[PDB]
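Structure 1 and structure 2, given next as structure tokens, are two forms of the same protein chain, each shown alone.
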Structure 1
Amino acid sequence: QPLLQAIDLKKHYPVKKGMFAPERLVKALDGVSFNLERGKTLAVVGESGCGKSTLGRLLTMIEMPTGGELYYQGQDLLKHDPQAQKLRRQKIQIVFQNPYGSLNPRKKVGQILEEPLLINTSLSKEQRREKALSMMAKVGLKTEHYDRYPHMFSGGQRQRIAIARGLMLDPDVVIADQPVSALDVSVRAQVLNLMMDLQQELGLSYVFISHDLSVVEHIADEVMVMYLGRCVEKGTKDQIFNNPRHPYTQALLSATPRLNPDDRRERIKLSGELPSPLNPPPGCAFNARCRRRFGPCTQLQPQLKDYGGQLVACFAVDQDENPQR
């Protein structure tokens, strides 16, 4: 039983083109599924509007899904029962993209860290402070920082406070919504080192959401590539960065810049711009942009299939692997 099962998660927000128009669904997420196991990072990669941050919000129940199943160790988290609410509130936690907006600017760092323990635990004030001090210690802040306001800290130190608040209930899963994107190179390195040291000590699993493929290449174990709310390709890090099968994965891994002249790759020349989810194209969502476009691609929606242990959704790969078509 994997630590977290997602089965067919869907998020279909409804919208109005003004008063007189009929309601229409923006299918912001459709049909994602994964197994996450204890001590591993699963990475979600894709450009803007791919659904990657409506996912994560579903996994932490900031927003309720419009279909699918979400199991922690065989217990369905999507039940409304208070007996299940306590479990999901302890076990699954989030670190947000913005270090300036995710901390309350009129509370002391001690209060930002004690708030989770007031709400969820029996602990007296004397015990609560020792958990907060020991957690600041674990993320590399000082005891003297306890009384300071978040405006007294650098962007890197603010992300360490956000991580410490997440870790405060001793979780098993941390969702990380683009967590080092706003940071400079030398402080990005320290926040990445910290997150991997916490995975070695606590045994956390991360669902890590990122537009930077370098960092994913660095930290991830499995990768999900997403386009227009659907997964396009899923596999181990080794497969995705050495034998990418999907035309969009091949485009991301070539549009990503690299230092070493020996690490250059074939240039793939994507035209146009990302489809609006409010006006989605028929068939495969990449058919407006794909080099490999074939007869089925404008008619039918591709589904993930297993090719050599790597899942991919593409009618051209189906024809490469089954020449009988």
Structure 2
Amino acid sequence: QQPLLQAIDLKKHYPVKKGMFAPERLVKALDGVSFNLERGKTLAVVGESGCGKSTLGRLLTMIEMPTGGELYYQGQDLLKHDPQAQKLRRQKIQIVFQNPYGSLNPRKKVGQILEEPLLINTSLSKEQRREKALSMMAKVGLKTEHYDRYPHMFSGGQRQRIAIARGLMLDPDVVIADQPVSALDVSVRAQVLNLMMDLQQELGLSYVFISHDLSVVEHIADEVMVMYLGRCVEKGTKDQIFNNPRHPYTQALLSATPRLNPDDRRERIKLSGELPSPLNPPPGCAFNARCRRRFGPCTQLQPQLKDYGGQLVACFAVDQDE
């Protein structure tokens, strides 16, 4: 049987113009890669700020069409319309937005935002939708007084939780979680992550979990994917990546994570050299300008994912070591 989600070589590129009559340049926001996602499983996505993760999340959610590659849900092509399927496929794949304030309609109350998923997709009467909305709000540490509020009369970590509540509402098969816990304190983060893990165990809900906080990914993930400059650089099980990181971007990334105990604290790699541009990405390996393991092929050829014991790594120095 096919995976619950299966991406193959997904690309997305954005037009940019310096002025209304200027030449239309192309931003390489995702020159991306395949993945398989199975039921009851979490795939975390980690990497540089601006490296394409939210762009990937928009493709998987069907917010945008890709500029290339394929996207299957359960063996059904998501990139062509089918009216008998699309009503079900729409409720079965859902998102938690990054910076979710702009994703909450300012002229709506939080109860209306959380009931809308139910009102479109279910038979639930008014009292049963209010019951579901308040029940989901309670499970993220909101309150019956918040159901009546407009989205600007909250803190950012409460807007995160309104976006989580809306995403988890439907019993979906996949949730694309775009920075879902970053504006939460560690006690509310623990409550939300415990809810996401309880739903993964009870419902079979899978996650694509986009996070910059590595301490959370080291806990919730089952597979982890590392991204740089629109492309994937390493993929494996969570033990493989956190115990033996092989791509020198992953080594520099995992090395910079803050840790509360003073002893545990270590010097970051202090990557030095010009950053690569999404408008003209360098020939060959994207990281070459800042990489410590410099070697001949890197400035010339595009590296690709090789197996090395199920740990997919896209690096010529790891190929030379092997």
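FYI, numbering is relative to structure 1, first residue = 1. Rigid core: the largest C-alpha set superposing within 1.5 Å between the two forms.
J.: Align on the core first; then indicate which of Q93, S205, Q157, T249 has a CA shift of 2 angstroms or more between structures 1 and 2.
T.: With the rigid core fitted, the residue that moves is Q157.
J.: If the two forms are fitted on the core, does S48 show a Cα displacement reaching 2 angstroms between structures 1 and 2?
T.: No, the C-alpha position differs by under 2 Å between structures 1 and 2.
J.: Would you tell me if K17 moves between structures 1 and 2 by 2 Å or more at its C-alpha, with the rigid core held superposed?
T.: It does shift by 2 Å or more.
J.: Cα of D147 displaced 2 Å or more between structures 1 and 2, core superposed?
T.: Shift of 2 Å or more: yes.
J.: What is the C-alpha shift for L167 between structures 1 and 2, rigid core superposed, to one decimal in Å?
T.: Displacement of the C-alpha, rigid core superposed: 3.2 Å.
J.: So with the rigid core superposed, the C-alpha of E266 shifts by how many Å between structures 1 and 2?
T.: For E266, the alpha-carbon shift amounts to 7.2 Å.
J.: Please report, in Å, how much the Cα atom of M64 moves between structures 1 and 2 when the rigid core is superposed.
T.: C-alpha shift for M64: 1.0 Å.
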